[PDB]
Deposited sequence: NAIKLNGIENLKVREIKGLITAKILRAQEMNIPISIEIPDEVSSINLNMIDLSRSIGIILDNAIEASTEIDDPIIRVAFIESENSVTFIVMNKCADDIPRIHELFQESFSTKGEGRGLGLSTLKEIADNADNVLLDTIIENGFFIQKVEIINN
């Protein structure tokens, strides 16, 4: 195993805990090191449980799937509290394997990234970003409080 715990107790949205636990253990089943970083307390997220669960599941599954052909994989998972939002961020090491990320897009839009996009498009408080940066694939959902 390799699981780094960095504020797990700060996640106080109970309904997604089992989901996150299950995905983290799946990552481990497949020998992918995983980091969970929650710097501040997160006691509510302004997105309904259905879309929040689905988005978290898809994003973590994307990161796991994208990490299986990688030599020295790692997944970082974060929930970041801002003044007016909560951001869920997952990064996986893709190194130079851009084709793997392209494959993700190909499959989803030829129900992973497409479901995710549909949730974000239908919710005015939800911003979705996808970024390749410094050898990591980054999936980011910011969920605005107002």
Item checked: Deposited sequence positions missing from the model - stretches, numbered from 1, in order -> 111 to 117
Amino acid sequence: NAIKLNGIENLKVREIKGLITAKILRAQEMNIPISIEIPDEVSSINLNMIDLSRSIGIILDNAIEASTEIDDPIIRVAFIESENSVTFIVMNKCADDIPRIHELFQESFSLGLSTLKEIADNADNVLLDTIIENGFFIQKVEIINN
From here on, numbers count along this sequence of modelled residues.
Notebook entry, point to check: For the C-alpha atoms alone, is the average B factor greater in 48 to 56 or in 25 to 33, going by the entry?
Noted result: 25 to 33
Check: As stated in the PDB record, which stretch has the larger average Cα B-factor, 79 to 87 or 59 to 67?
Finding: 79 to 87
Check: Whose C-alpha has the highest temperature factor in the PDB entry: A123, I132, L19, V13?
Finding: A123
Item checked: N145 - which third its CA temperature factor falls in, relative to the rest of the chain -> highest
Check: Mind checking which third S110 falls in for C-alpha B-factor across the chain?
Finding: highest
Notebook entry, point to check: If you rank the chain by CA B-factor, which third does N1 end up in: lowest, middle or highest?
Noted result: highest
